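A.B. asks: Provided below: data-v3.cif, containing mmCIF, C-alpha atoms.
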data_structure
#
loop_
_atom_site.label_atom_id
_atom_site.label_comp_id
_atom_site.auth_asym_id
_atom_site.auth_seq_id
_atom_site.Cartn_x
_atom_site.Cartn_y
_atom_site.Cartn_z
CA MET A 1 103.86 75.80 95.50
CA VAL A 2 103.10 73.15 92.92
CA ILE A 3 103.68 74.32 89.34
CA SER A 4 103.07 72.99 85.84
CA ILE A 5 105.91 71.42 83.87
CA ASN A 6 106.39 70.84 80.15
CA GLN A 7 107.14 67.15 80.75
CA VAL A 8 109.67 68.12 83.46
CA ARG A 9 111.53 71.00 85.08
CA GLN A 10 114.86 70.81 86.92
CA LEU A 11 116.61 73.35 89.15
CA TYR A 12 120.28 73.88 90.00
CA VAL A 13 121.56 76.63 92.29
CA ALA A 14 124.61 78.73 91.42
CA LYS A 15 126.22 79.96 94.64
CA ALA A 16 129.58 80.26 92.86
CA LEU A 17 130.94 79.92 89.34
CA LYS A 18 134.00 77.78 88.64
CA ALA A 19 136.15 77.18 85.56
CA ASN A 20 136.66 73.40 85.72
CA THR A 21 135.13 70.41 87.48
CA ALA A 22 138.36 69.99 89.48
CA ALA A 23 137.31 73.12 91.41
CA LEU A 24 133.80 72.06 92.49
CA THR A 25 134.46 71.97 96.24
CA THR A 26 131.57 73.83 97.90
CA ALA A 27 127.96 72.66 97.85
CA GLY A 28 126.72 75.35 95.47
CA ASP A 29 129.59 75.56 93.00
CA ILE A 30 128.57 75.23 89.35
CA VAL A 31 130.25 75.29 85.95
CA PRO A 32 128.94 74.93 82.37
CA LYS A 33 130.46 72.06 80.40
CA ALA A 34 130.33 71.61 76.64
CA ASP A 35 132.35 70.06 73.85
CA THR A 36 135.20 71.79 72.06
CA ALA A 37 132.55 71.96 69.35
CA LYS A 38 128.98 73.03 70.20
CA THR A 39 127.04 69.76 70.31
CA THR A 40 125.98 69.22 73.93
CA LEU A 41 125.62 71.37 77.03
CA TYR A 42 125.54 70.24 80.64
CA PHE A 43 126.39 71.64 84.06
CA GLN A 44 128.55 70.14 86.80
CA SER A 45 126.65 71.01 89.98
CA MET A 46 128.23 70.42 93.38
CA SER A 47 125.64 68.99 95.74
CA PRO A 48 125.92 68.72 99.53
CA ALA A 49 126.48 65.01 98.77
CA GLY A 50 129.01 65.15 95.94
CA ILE A 51 129.18 66.27 92.34
CA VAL A 52 126.22 65.83 90.01
CA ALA A 53 125.47 66.96 86.46
CA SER A 54 122.39 68.17 84.63
CA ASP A 55 120.83 66.41 81.70
CA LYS A 56 122.61 66.86 78.38
CA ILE A 57 121.18 69.56 76.13
CA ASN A 58 121.32 69.01 72.38
CA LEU A 59 122.14 72.47 71.08
CA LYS A 60 120.34 71.73 67.82
CA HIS A 61 117.22 71.29 69.99
CA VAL A 62 117.34 74.35 72.26
CA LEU A 63 113.97 76.08 71.99
CA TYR A 64 114.40 79.20 74.13
CA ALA A 65 116.87 80.49 76.71
CA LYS A 66 116.17 83.63 78.72
CA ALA A 67 117.01 85.14 82.11
CA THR A 68 114.95 87.32 84.45
CA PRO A 69 116.13 90.42 86.33
CA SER A 70 114.84 89.27 89.78
CA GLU A 71 112.34 92.17 89.89
CA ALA A 72 109.71 90.55 87.66
CA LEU A 73 108.88 88.22 90.57
CA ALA A 74 108.35 90.74 93.40
CA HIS A 75 104.73 91.29 94.43
CA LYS A 76 103.93 94.90 95.27
CA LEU A 77 101.66 95.24 98.28
CA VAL A 78 98.38 96.78 97.14
CA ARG A 79 98.21 100.22 98.76
CA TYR A 80 95.04 102.30 99.06
CA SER A 81 94.09 105.84 100.08
CA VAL A 82 90.77 106.49 101.81
CA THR A 83 89.45 110.03 101.98
CA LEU A 84 86.29 112.06 102.50
CA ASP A 85 84.42 112.80 99.27
CA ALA A 86 84.50 116.58 98.84
CA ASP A 87 81.42 116.40 96.61
CA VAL A 88 79.30 114.98 99.42
CA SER A 89 81.18 116.95 102.07
CA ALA A 90 84.83 117.75 102.82
CA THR A 91 84.04 117.22 106.53
CA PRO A 92 81.92 114.76 108.50
CA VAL A 93 78.27 115.60 109.08
CA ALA A 94 77.29 115.34 112.73
CA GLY A 95 74.85 112.57 113.58
CA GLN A 96 75.88 110.19 110.78
CA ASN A 97 77.44 106.73 111.03
CA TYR A 98 80.55 106.85 108.81
CA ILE A 99 80.90 103.10 108.39
CA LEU A 100 83.57 101.46 106.23
CA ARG A 101 83.52 97.92 104.84
CA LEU A 102 86.78 96.12 104.04
CA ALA A 103 85.81 93.38 101.59
CA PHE A 104 88.41 90.59 101.49
CA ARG A 105 88.85 88.07 98.69
CA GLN A 106 90.95 84.91 98.73
CA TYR A 107 90.17 84.29 102.38
CA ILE A 108 91.07 80.92 103.81
CA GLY A 109 90.05 79.18 100.61
CA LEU A 110 91.72 79.94 97.31
CA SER A 111 88.73 80.98 95.19
CA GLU A 112 87.04 84.38 95.22
CA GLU A 113 83.73 82.89 96.30
CA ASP A 114 85.63 82.79 99.62
CA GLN A 115 85.02 86.29 100.97
CA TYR A 116 85.41 88.00 104.32
CA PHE A 117 84.33 91.42 105.58
CA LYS A 118 85.73 93.69 108.29
CA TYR A 119 84.11 96.96 109.29
CA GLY A 120 84.97 100.29 110.82
CA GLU A 121 82.63 102.65 112.62
CA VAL A 122 82.82 106.36 113.36
CA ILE A 123 79.76 108.28 114.56
CA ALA A 124 80.49 111.91 113.75
CA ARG A 125 79.97 114.70 116.27
CA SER A 126 79.65 118.46 115.99
CA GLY A 127 83.01 120.05 115.25
CA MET A 128 84.65 116.76 114.27
CA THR A 129 87.38 117.95 111.91
CA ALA A 130 88.66 115.65 109.17
CA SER A 131 91.91 114.66 110.89
CA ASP A 132 90.04 113.50 113.99
CA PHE A 133 87.70 111.46 111.79
CA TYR A 134 90.59 109.72 110.03
CA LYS A 135 92.25 109.09 113.40
CA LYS A 136 89.13 107.57 114.95
CA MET A 137 88.37 105.67 111.74
CA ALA A 138 91.86 104.16 111.51
CA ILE A 139 91.73 103.14 115.17
CA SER A 140 88.32 101.50 114.82
CA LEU A 141 89.74 99.57 111.87
CA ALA A 142 92.83 98.42 113.78
CA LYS A 143 90.75 97.41 116.80
CA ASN A 144 88.20 95.48 114.74
CA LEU A 145 90.96 93.92 112.60
CA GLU A 146 93.65 92.86 115.08
CA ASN A 147 91.85 91.52 118.09
CA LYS A 148 94.43 89.36 119.87
CA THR A 149 91.99 86.54 119.09
CA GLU A 150 92.05 86.99 115.33
CA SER A 151 94.11 84.36 113.55
CA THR A 152 95.12 85.86 110.23
CA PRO A 153 96.81 89.28 109.89
CA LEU A 154 94.84 90.94 107.11
CA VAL A 155 95.93 94.55 106.48
CA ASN A 156 98.20 97.25 107.90
CA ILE A 157 96.52 100.55 108.74
CA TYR A 158 98.42 103.81 108.31
CA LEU A 159 97.94 107.56 108.49
CA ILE A 160 99.65 110.46 106.73
CA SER A 161 100.07 113.98 108.08
CA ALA A 162 99.69 116.65 105.40
CA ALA A 163 102.97 118.12 106.69
CA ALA A 164 105.06 115.04 105.88
CA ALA A 165 102.88 113.51 103.12
CA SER A 166 105.37 110.60 102.85
CA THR A 167 106.03 109.14 106.31
CA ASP A 168 103.00 106.96 106.97
CA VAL A 169 102.41 106.54 110.71
CA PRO A 170 101.21 103.10 111.87
CA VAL A 171 97.99 102.33 113.72
CA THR A 172 97.81 99.14 115.78
CA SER A 173 95.14 97.83 118.12
CA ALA A 174 97.60 98.88 120.85
CA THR A 175 97.72 102.44 119.51
CA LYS A 176 95.84 105.18 121.35
CA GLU A 177 94.53 108.57 120.27
CA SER A 178 97.00 110.05 122.75
CA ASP A 179 99.75 108.69 120.49
CA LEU A 180 98.26 110.32 117.37
CA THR A 181 98.77 114.01 118.13
CA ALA A 182 98.94 115.76 114.75
CA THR A 183 95.96 117.62 113.33
CA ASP A 184 96.63 117.60 109.56
CA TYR A 185 96.00 113.90 108.91
CA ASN A 186 95.19 113.96 105.21
CA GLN A 187 93.95 110.42 104.51
CA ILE A 188 93.85 106.78 105.62
CA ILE A 189 96.13 104.27 103.92
CA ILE A 190 95.44 100.54 103.83
CA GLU A 191 97.90 97.93 102.60
CA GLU A 192 98.37 94.22 102.06
CA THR A 193 100.33 91.89 104.34
CA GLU A 194 102.88 89.15 103.76
CA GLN A 195 100.80 86.18 104.90
CA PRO A 196 102.72 83.43 106.73
CA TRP A 197 104.90 81.24 104.55
CA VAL A 198 106.16 77.69 105.09
CA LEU A 199 108.56 75.86 102.79
CA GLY A 200 106.65 73.23 100.84
CA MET A 201 103.50 73.69 102.94
CA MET A 202 102.22 77.29 102.84
CA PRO A 203 102.90 79.13 99.57
CA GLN A 204 103.41 82.85 99.19
CA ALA A 205 99.92 84.31 98.89
CA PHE A 206 98.00 87.48 99.67
CA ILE A 207 94.42 88.45 100.49
CA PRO A 208 93.13 91.10 98.05
CA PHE A 209 90.87 93.79 99.47
CA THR A 210 88.90 96.82 98.35
CA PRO A 211 87.57 99.47 100.77
CA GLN A 212 83.82 99.74 100.19
CA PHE A 213 81.87 102.58 101.80
CA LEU A 214 78.36 102.78 103.24
CA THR A 215 75.70 105.39 102.60
CA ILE A 216 75.10 108.48 104.71
CA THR A 217 72.23 110.95 104.47
CA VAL A 218 73.69 114.23 103.28
CA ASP A 219 71.33 117.10 102.77
CA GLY A 220 68.51 114.88 101.45
CA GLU A 221 69.95 111.77 99.76
CA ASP A 222 71.93 108.65 100.64
CA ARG A 223 75.47 109.10 99.31
CA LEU A 224 78.82 107.41 99.81
CA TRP A 225 81.07 109.46 102.08
CA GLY A 226 84.52 108.64 100.75
CA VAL A 227 86.96 107.70 98.02
CA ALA A 228 89.00 104.49 97.70
CA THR A 229 92.06 105.30 95.60
CA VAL A 230 94.72 102.80 94.54
CA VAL A 231 97.98 104.66 95.10
CA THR A 232 101.37 103.44 93.93
CA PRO A 233 102.87 100.99 96.47
CA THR A 234 106.19 101.43 98.22
CA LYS A 235 106.90 97.91 99.57
CA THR A 236 107.62 94.60 97.82
CA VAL A 237 108.19 90.95 98.64
CA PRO A 238 111.79 90.14 97.69
CA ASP A 239 111.13 86.93 95.71
CA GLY A 240 113.19 84.85 98.13
CA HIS A 241 110.34 82.52 99.08
CA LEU A 242 109.21 81.77 95.51
CA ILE A 243 112.63 80.40 94.57
CA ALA A 244 112.85 78.36 97.77
CA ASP A 245 109.48 76.74 97.12
CA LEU A 246 110.59 76.31 93.50
CA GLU A 247 113.73 74.40 94.50
CA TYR A 248 111.72 72.37 97.02
CA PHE A 249 109.43 71.28 94.19
CA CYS A 250 112.04 70.93 91.43
CA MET A 251 114.39 68.80 93.56
CA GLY A 252 111.73 66.09 93.73
CA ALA A 253 112.09 65.62 89.99
CA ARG A 254 115.72 64.82 90.87
CA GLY A 255 115.26 62.90 94.12
CA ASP A 256 112.87 62.22 96.99
CA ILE A 257 109.33 63.11 95.92
CA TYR A 258 107.89 62.25 99.35
CA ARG A 259 109.73 64.97 101.30
CA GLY A 260 108.64 63.84 104.74
CA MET A 261 105.47 61.83 104.13
CA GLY A 262 106.34 58.57 105.86
CA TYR A 263 108.02 60.48 108.61
CA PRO A 264 110.57 58.19 110.30
CA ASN A 265 111.00 56.32 106.99
CA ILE A 266 112.08 59.29 104.84
CA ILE A 267 115.13 60.66 103.08
CA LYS A 268 116.57 63.97 104.26
CA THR A 269 117.07 66.48 101.46
CA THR A 270 119.22 69.60 101.70
CA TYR A 271 118.33 72.89 100.01
CA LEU A 272 120.74 75.63 98.95
CA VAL A 273 118.23 78.47 98.52
CA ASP A 274 118.36 81.00 101.35
CA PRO A 275 114.79 82.28 101.78
CA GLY A 276 115.58 85.83 102.79
CA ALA A 277 117.77 86.63 99.81
CA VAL A 278 116.79 87.71 96.30
CA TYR A 279 117.57 85.71 93.16
CA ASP A 280 117.84 86.27 89.43
CA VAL A 281 116.71 83.31 87.34
CA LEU A 282 118.06 81.73 84.17
CA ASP A 283 115.87 79.25 82.31
CA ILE A 284 116.56 77.02 79.32
CA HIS A 285 114.07 75.05 77.25
CA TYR A 286 114.83 72.19 74.88
CA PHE A 287 113.63 68.75 73.86
CA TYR A 288 114.76 65.29 72.80
CA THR A 289 113.89 63.49 69.57
CA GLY A 290 114.31 59.82 68.80
CA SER A 291 115.24 57.93 65.67
CA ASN A 292 113.30 56.60 62.67
CA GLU A 293 109.85 56.03 64.23
CA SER A 294 110.48 57.88 67.52
CA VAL A 295 110.20 61.41 66.17
CA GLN A 296 107.99 62.60 69.05
CA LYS A 297 109.62 65.34 71.09
CA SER A 298 110.08 65.42 74.86
CA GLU A 299 110.47 69.07 75.81
CA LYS A 300 112.47 69.82 78.94
CA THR A 301 113.32 72.80 81.11
CA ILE A 302 116.64 73.23 82.91
CA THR A 303 116.43 76.08 85.41
CA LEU A 304 119.24 77.97 87.13
CA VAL A 305 119.08 80.58 89.89
CA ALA A 306 121.81 82.95 91.04
CA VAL A 307 121.99 85.68 93.68
CA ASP A 308 121.11 89.27 92.77
CA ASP A 309 123.52 91.77 94.32
CA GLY A 310 121.39 94.50 92.72
CA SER A 311 123.55 94.68 89.57
CA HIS A 312 122.86 91.18 88.17
CA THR A 313 126.55 90.34 88.44
CA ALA A 314 126.46 86.60 89.12
CA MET A 315 123.77 85.77 86.56
CA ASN A 316 125.72 87.77 83.98
CA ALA A 317 128.81 85.67 84.74
CA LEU A 318 126.77 82.51 84.17
CA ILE A 319 125.40 83.73 80.85
CA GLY A 320 128.89 84.72 79.76
CA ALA A 321 130.31 81.28 80.49
CA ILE A 322 127.33 79.46 78.96
CA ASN A 323 127.53 81.50 75.75
CA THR A 324 131.31 81.05 75.60
CA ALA A 325 130.95 77.27 75.96
CA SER A 326 127.75 76.76 73.92
CA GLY A 327 127.79 79.39 71.17
CA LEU A 328 124.41 80.62 72.38
CA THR A 329 123.74 84.33 72.83
CA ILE A 330 121.60 84.41 75.96
CA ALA A 331 121.01 88.11 76.50
CA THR A 332 122.50 89.53 79.68
CA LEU A 333 120.45 91.34 82.30
CA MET B 1 48.21 126.04 122.10
CA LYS B 2 47.17 124.10 119.01
CA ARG B 3 48.67 122.52 115.93
CA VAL B 4 50.11 124.93 113.38
CA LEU B 5 48.99 123.27 110.13
CA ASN B 6 46.87 120.36 109.00
CA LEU B 7 49.05 117.27 108.68
CA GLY B 8 48.47 117.39 104.93
CA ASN B 9 50.51 120.60 104.77
CA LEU B 10 53.00 119.21 107.31
CA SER B 11 53.59 115.93 105.47
CA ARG B 12 55.06 118.15 102.71
CA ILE B 13 57.91 119.40 104.92
CA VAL B 14 60.83 117.74 103.18
CA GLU B 15 64.61 117.44 103.21
CA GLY B 16 66.32 117.60 99.84
CA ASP B 17 67.71 119.62 96.94
CA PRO B 18 66.70 123.30 96.62
CA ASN B 19 66.36 122.77 92.86
CA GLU B 20 63.58 120.16 93.25
CA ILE B 21 61.45 122.05 95.80
CA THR B 22 58.18 123.15 94.20
CA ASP B 23 55.33 124.80 96.10
CA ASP B 24 52.89 122.86 98.32
CA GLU B 25 55.95 121.76 100.28
CA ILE B 26 58.38 123.42 102.70
CA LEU B 27 62.12 122.81 102.80
CA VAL B 28 64.42 122.31 105.79
CA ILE B 29 68.20 122.61 105.47
CA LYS B 30 69.80 120.61 108.27
CA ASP B 31 73.13 121.79 109.66
CA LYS B 32 76.27 119.68 109.28
CA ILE B 33 78.79 121.29 111.65
CA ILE B 34 76.05 121.21 114.31
CA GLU B 35 74.01 118.04 114.74
CA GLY B 36 70.49 119.04 115.76
CA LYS B 37 70.42 122.67 114.71
CA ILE B 38 68.79 123.87 111.49
CA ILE B 39 70.09 126.39 108.97
CA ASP B 40 66.97 127.74 107.29
CA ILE B 41 63.32 127.10 106.49
CA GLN B 42 62.52 127.82 102.85
CA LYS B 43 59.38 128.27 100.75
CA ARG B 44 59.22 128.97 97.03
CA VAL B 45 57.21 132.02 95.93
CA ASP B 46 57.92 132.92 92.28
CA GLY B 47 60.49 130.35 91.21
CA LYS B 48 62.86 131.70 93.84
CA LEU B 49 63.30 129.77 97.09
CA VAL B 50 62.94 132.32 99.88
CA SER B 51 63.29 131.93 103.64
CA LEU B 52 60.52 132.16 106.21
CA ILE B 53 62.86 133.09 109.09
CA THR B 54 63.38 136.83 109.46
CA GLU B 55 67.02 137.88 109.39
CA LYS B 56 68.18 138.95 112.86
CA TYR B 57 71.22 141.15 113.48
CA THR B 58 72.99 142.52 116.55
#
Will you turn the file into structure tokens for me?

C.D. replies:
Amino acid sequence: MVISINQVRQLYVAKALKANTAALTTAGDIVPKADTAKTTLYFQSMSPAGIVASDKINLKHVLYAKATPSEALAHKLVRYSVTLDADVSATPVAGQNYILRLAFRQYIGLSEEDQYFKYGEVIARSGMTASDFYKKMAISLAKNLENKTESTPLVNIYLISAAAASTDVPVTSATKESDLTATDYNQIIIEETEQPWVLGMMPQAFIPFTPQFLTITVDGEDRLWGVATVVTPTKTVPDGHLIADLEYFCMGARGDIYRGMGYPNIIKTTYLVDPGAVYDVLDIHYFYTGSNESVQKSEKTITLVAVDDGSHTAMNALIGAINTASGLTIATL
Amino acid sequence: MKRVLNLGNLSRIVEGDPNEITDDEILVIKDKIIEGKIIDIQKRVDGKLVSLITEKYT
């Protein structure tokens, strides 16, 4: 997860807020320090290897300072709703191959020229009601998607009974028609997947898809048999991994930039972000100017991250202390 | 036993929209619920699209 920096970006984790530097005992403790006036701002950050302190911010040269509510970083899993097109026919027509084409973008590569396609097949029979078609279609999708010898997990198939309308029922390549017993299956849902993630190696990413349909011959003409709707999602990624990869990257601006390259001959760096939690982020921008001829600026970003208990309590405590010690008015969350 | 119509009049047995069926062509309406069965054979007479199968009751 390499990012772009305005001449630098630094990160410090706030696992606990203290009043003085004589109280920085644990390896996440932080405290904002500033003059009795308002001339410089810096933070005393307790590292796993002793106290440290951020760069010194000239408060005449603070450009912007703003926090985030920890929900602007969650990625909602793109959810779809497949259905028979009533216009063509509200039921399958016997003797027709109701194929479905799952077009995938951002497959192994990172561009969209990198595409991948996965199909489903359902040959309709006489008396094949709609629920049975969705059942057999979902199963064909699962089977063709998750063959035990298929590396990447691409999508999660689901089904919804018109009775519930909310509780989506899963469909795996291990699922059997015997397990799907209802008869009022209204539609087929398809959803994204949290691809595998590795700290510093494999960034948080997703494979976008769109269900594309194939033509069938209804009374006399070739027509698409379904409808691919983009319904509102219900599942998110909790932002834990973005911050972890952010710290991993932003602690090389403050230390070992090799992070394992010459393996036996490396430095071991500790990280205080728990990937599995959810964080609210504070970010400060500023710059440094020199004297007579050295007027050029050097803009900088000092970044903080706290833990979101759902009420933005810790980040609010930070902002309170920073504004009390700096005269700033960073808006609370 | 012999063929029912010259292939010229059989090549005009089509499968489509009832609104686009003129004369010099016969229409077949395939059945959906049933695979091979047919619903009706139709032939236009005076703008109306009438059936050639005689209605049969109990």

A.B. asks: Nearest residue to residue 210 (chain A) out of A:192, A:121, A:239, A:71, using all atoms listed in the file?

C.D. replies: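 Using all atoms listed in the file, the shortest distance to residue 210 (chain A) belongs to A:192.
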
A.B. asks: Quick one: which residues from chain A are at most 10 Å off chain B, using all atoms listed in the file, as JSON, numbers by chain?

C.D. replies: {"A": [89, 91, 92, 93, 94, 95, 96, 124, 125, 126, 127, 128, 129, 218, 219, 220, 221]}

A.B. asks: Write out, as a PDB file, in the coordinates of the input, the residues just selected, with C-alpha atoms.

C.D. replies:
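Once everything was written out, this is result-v5.pdb:
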ATOM      1  CA  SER A  89      81.180 116.950 102.070  1.00  0.00           C
ATOM      2  CA  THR A  91      84.040 117.220 106.530  1.00  0.00           C
ATOM      3  CA  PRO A  92      81.920 114.760 108.500  1.00  0.00           C
ATOM      4  CA  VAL A  93      78.270 115.600 109.080  1.00  0.00           C
ATOM      5  CA  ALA A  94      77.290 115.340 112.730  1.00  0.00           C
ATOM      6  CA  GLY A  95      74.850 112.570 113.580  1.00  0.00           C
ATOM      7  CA  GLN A  96      75.880 110.190 110.780  1.00  0.00           C
ATOM      8  CA  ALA A 124      80.490 111.910 113.750  1.00  0.00           C
ATOM      9  CA  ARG A 125      79.970 114.700 116.270  1.00  0.00           C
ATOM     10  CA  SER A 126      79.650 118.460 115.990  1.00  0.00           C
ATOM     11  CA  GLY A 127      83.010 120.050 115.250  1.00  0.00           C
ATOM     12  CA  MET A 128      84.650 116.760 114.270  1.00  0.00           C
ATOM     13  CA  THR A 129      87.380 117.950 111.910  1.00  0.00           C
ATOM     14  CA  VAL A 218      73.690 114.230 103.280  1.00  0.00           C
ATOM     15  CA  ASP A 219      71.330 117.100 102.770  1.00  0.00           C
ATOM     16  CA  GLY A 220      68.510 114.880 101.450  1.00  0.00           C
ATOM     17  CA  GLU A 221      69.950 111.770  99.760  1.00  0.00           C
TER      18      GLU A 221
END

A.B. asks: Quick check on the file I pasted: which residues fall under the PyMOL selection byres ((chain B and resi 42-57) around 9)? Write them as number ranges by chain.

C.D. replies: B: 18-19, 21-29, 40-41, 58

A.B. asks: Excluding region 307-314 of chain A and its own-chain neighbours fewer than 2 positions away, which residues fall within 9 Å of it when counting only C-alpha atoms? Please give them as number ranges by chain.

C.D. replies: A: 14-17, 69-70, 277-281, 305, 316-319, 332-333

A.B. asks: I want to know what sits within 10 Å of residue 50 (chain A), based on only C-alpha atoms, with residues of the same chain fewer than 5 positions away left out; could you give that as an mmCIF file with C-alpha atoms, in the coordinates of the input?

C.D. replies:
data_model
loop_
_atom_site.group_PDB
_atom_site.id
_atom_site.type_symbol
_atom_site.label_atom_id
_atom_site.label_comp_id
_atom_site.auth_asym_id
_atom_site.auth_seq_id
_atom_site.Cartn_x
_atom_site.Cartn_y
_atom_site.Cartn_z
ATOM 1 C CA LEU A 24 133.800 72.060 92.490
ATOM 2 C CA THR A 25 134.460 71.970 96.240
ATOM 3 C CA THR A 26 131.570 73.830 97.900
ATOM 4 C CA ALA A 27 127.960 72.660 97.850
ATOM 5 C CA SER A 45 126.650 71.010 89.980
#

A.B. asks: To verify the selection step, state as number ranges by chain which residues the PyMOL selection byres ((chain A and resi 325-330) around 8) yields on this input.

C.D. replies: A: 32-36, 38-41, 59, 65-67, 319, 321-324, 331-332

A.B. asks: Determine the nearest neighbour of residue 232 (chain A) from the options A:52, A:137, A:190, A:164, counting only C-alpha atoms.

C.D. replies: A:190
